[PDB]
Amino acid sequence: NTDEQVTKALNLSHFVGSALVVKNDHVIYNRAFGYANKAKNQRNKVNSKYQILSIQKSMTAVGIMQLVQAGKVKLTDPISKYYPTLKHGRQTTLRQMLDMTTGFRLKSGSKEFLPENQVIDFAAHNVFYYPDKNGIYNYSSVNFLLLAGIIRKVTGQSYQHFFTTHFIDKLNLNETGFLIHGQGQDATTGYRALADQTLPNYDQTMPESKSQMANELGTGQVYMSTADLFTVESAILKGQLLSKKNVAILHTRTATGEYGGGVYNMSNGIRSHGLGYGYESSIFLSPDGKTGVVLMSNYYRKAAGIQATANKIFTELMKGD
Ligand SMILES: O=P(O)(O)OC[C@H](O)CO
């Protein structure tokens, strides 16, 4: 039985968070573990809200490809079309930004709590360009912040507004929003772990400021339940937000990396992973969007990482075990 096997693996790995497994469009596992907030004696629930972290980049990527489908941008466009003040790397294409094949990097945003337009301005003013990284896979979050700025510039909407109408409203997500406004009901607290810690003790929480949340524009500012994250990623692969032809164009790997169009592309599906602020998020999904695994945790432990567990579940699920 799948329930028995997955529960055993999650308990032996000391999982804290919510787990969802879907096979051929049917939920076969949906269970929560540990505490959303230990001091308040609030257990994690299947509908608890967790940080999606870098998995948000897959959504920013779809937003760019929606603009391509609508004739409003092209993947061959150079970044300098939208950021004319850049002094270097001006030829970098939107394609490369989506694939993490650029030389742009920004290790920190402003220490102030800024509105979106000023977060974009700060990044454009302060980003650095490494020519030796151009054209080769290297993970750099600023690419997706700058892509969120392109969404804003082309549409005349905030990224938050665009995300809300294109994902939250479109797919009737009821456990999704922006951390900066509060999670609301069924919220979770992120816990800080020691490097070698495997057992949860809830002895320290992980802080995150409004500045840090604003600076995650396009890149890791959203909370979701496991169900809402599955819904978004499956809807993308099913053609509900973007033609399947354009999903395939977007989700194309490069010569130097599986990453392309905001996800890692494999022979048997896609994967995305997030880590930050005490959280870890993991999705593996089949090419048709009908079979996959979502694990989200508010208690990240390097010595008990959840991606390896999700990878094992996914591999077995795709075989038939
Ligand atoms: O995005 P990955 O693949 O580097 O995994 C860790 C994330 O960057 C953090 O959110």
Side-chain angles (χ1 to χ4, degrees), residues 16-18 49-62 64 96-109 119 123 127 130 133 136-148 159 163 176 178-180 188 190-193 195 206-209 211-224 226 228-229 232-233 236 250-254 256-266 269-285 292-311 314:
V16 172
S18 295
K49 297 155 178 173
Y50 301 87
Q51 295 219 28
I52 69 171
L53 303 161
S54 282
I55 306 178
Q56 191 183 331
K57 296 178 176 65
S58 65
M59 310 165 193
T60 300
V62 161
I64 291 291
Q96 292 179 262
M97 295 166 79
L98 290 160
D99 296 349
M100 302 297 192
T101 55
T102 84
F104 290 110
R105 210 168 277 279
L106 181 84
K107 186 62 141 253
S108 164
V119 170
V127 65
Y130 297 108
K133 287 311 180 11
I136 300 148
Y137 170 72
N138 68 110
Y139 200 94
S140 182
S141 59
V142 75
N143 289 319
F144 281 78
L145 184 155
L146 295 165
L147 289 167
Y159 179 91
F163 189 94
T176 295
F178 293 85
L179 285 147
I180 193 66
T188 63
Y191 288 92
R192 194 169 219 136
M206 188 55 69
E208 188 182 6
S209 66
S211 168
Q212 287 175 300
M213 293 174 188
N215 287 350
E216 289 281 3
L217 171 57
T219 60
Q221 63 186 145
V222 165
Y223 64 82
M224 287 184 181
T226 57
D228 282 0
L229 179 54
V232 171
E233 296 296 336
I236 292 162
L250 179 63
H251 287 180
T252 293
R253 66 163 292 147
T254 72
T256 62
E258 288 177 322
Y259 202 86
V263 298
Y264 296 89
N265 297 284
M266 306 174 293
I270 62 170
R271 93 162 166 98
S272 188
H273 188 220
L275 279 174
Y277 314 109
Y279 287 81
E280 183 177 13
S281 59
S282 176
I283 187 172
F284 289 76
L285 189 59
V293 180
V294 175
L295 303 182
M296 324 182 73
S297 175
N298 62 313
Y299 207 148
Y300 169 59
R301 279 149 289 155
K302 188 165 152 94
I306 78 188
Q307 174 170 249
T309 308
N311 182 52
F314 183 70

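Both ligands and their constituent atoms are indexed starting at 1 by order of listing. Any value given below was found using the heavy atoms of this structure, including those in side chains, with hydrogens, waters and symmetry copies removed. Start at 1 with the first residue, then count along the sequence.
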**Asked** Mind checking what makes side-chain contact (heavy atoms from CB on, under 4.5 Å) contact with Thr309, not counting sequence neighbours?
**Response** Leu10, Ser13, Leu295, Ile313
**Item:** Contacts of type side-chain contact (heavy atoms from CB on, under 4.5 Å), residue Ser209, not counting sequence neighbours
**Value:** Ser211, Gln212
**Message:** Residue by residue, ordered by chain and number, which ones reach under 4.0 Å of ligand 1 with a heavy atom?
**Reply:** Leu53, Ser54, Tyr139, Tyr264, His273, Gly274, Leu275
**Item:** Residues which pass ring-ring contact (aromatic ring centres under 6.0 Å, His included) with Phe178, listed by chain and number, not counting sequence neighbours
**Value:**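 Counting only residues at least two positions away or on another chain, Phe178 forms a ring-ring contact (aromatic ring centres under 6.0 Å, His included) with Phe163.
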**Item:** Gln307 and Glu280 side chains, donor-acceptor separation under 3.5 Å
**Value:**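 No, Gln307 and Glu280 have no side-chain donor paired with an acceptor closer than 3.5 Å.
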**Prompt:** Do we see a donor-acceptor contact under 3.5 Å between the side chains of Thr188 and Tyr223?
**Reply:**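 No.
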**Prompt:** What about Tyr279 and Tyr300, are their ring centers closer than 6.0 Å?
**Reply:**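 Ring-ring flag for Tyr279/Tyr300: false, centres at least 6.0 Å apart.
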